[PDB]
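First structure 1, then structure 2: two forms of the same chain, each alone, as structure tokens.
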Structure 1
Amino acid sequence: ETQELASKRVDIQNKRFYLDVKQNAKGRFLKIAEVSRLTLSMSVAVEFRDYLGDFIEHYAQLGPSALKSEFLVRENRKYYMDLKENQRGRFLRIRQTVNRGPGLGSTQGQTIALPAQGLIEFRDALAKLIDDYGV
């Protein structure tokens, strides 16, 4: 039975993300729901934490007006991370795909969009779930 060990809430402009660390008898993993839904192993969650730091850095150094991308393939899942910008402002979009195993053949590629203002809070929340629970 998958039982959540912790929830986390991050408010950014008028959007909300929940970071739930869950564990079924397979192991421990992270879920990230918007106001779609990513699922990450803790090991992959570490890579995100660090990549978020890369993104934060780049955003702080932009100054006034993709800007930056990362490409991650881990355990049958592929993650695209694009720091972009548009009329209303800068954001980080994260798309999760199945590129192998059960679930291939799609209708369900997952996506979340974080406003850039909240990357630091979102990274800080992730970091502490890693901190507490480890890999």
Structure 2
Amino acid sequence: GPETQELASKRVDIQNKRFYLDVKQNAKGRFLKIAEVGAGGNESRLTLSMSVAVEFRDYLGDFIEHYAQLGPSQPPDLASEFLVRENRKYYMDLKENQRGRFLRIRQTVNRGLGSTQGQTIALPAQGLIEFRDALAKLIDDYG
């Protein structure tokens, strides 16, 4: 609320989706919040450390360079996986929905049968370069 202050923000418009890339700050340090605004104003959030954001900028870079090769392999005629794990706990997954022309990104934490849920955005493939450019500009300026 008044705990976290906002330092900077960028808006990117791709199809009917609006993304806000925010640089924010609290007691715990500086982080990057991505807000996606869908139909009916349904927001989904992705929240990144400044080091995971650097990584994420480059994962987007990888897909931009390699979008078809990293897409889902065609099925068998009648005759892909992109996952990052850190300290065996924190997961980030990126996967193309070919029907949507979307890149789905999920961040989760696993803790045996411990409980936890996580965070998911989907980026139209036609706004990948623009999203990534905006993300990169915020990293250049906000350490």
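Every residue number counts along structure 1's sequence, beginning with 1. Between two forms, the rigid core is defined as the largest C-alpha subset superposing within 1.5 Å. Residues that one form lacks are left out of the comparison.
Superposition of the core reveals a Cα shift of less than 2 Å for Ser41 between the two structures.
Once the cores line up, the CA of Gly27 ends up less than 2 angstroms apart between the two structures. The two forms, fitted on the rigid core, differ between the two structures by 2 Å or more at the CA of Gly89.
We note a C-alpha movement of 2.5 Å at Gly109 between the two structures, with the rigid core held in register. A C-alpha shift of 6.9 Å is found for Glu75 between the two structures, based on superposition of the rigid core. Here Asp54 exhibits a Cα shift of 0.4 Å between the two structures, evaluated on the superposed rigid core. Shifted segments between the two structures, defined as at least 3 consecutive common residues whose CA atoms all move 2 Å or more after rigid-core fitting, lie at 59-65, 69-89, 98-100, 103-109.
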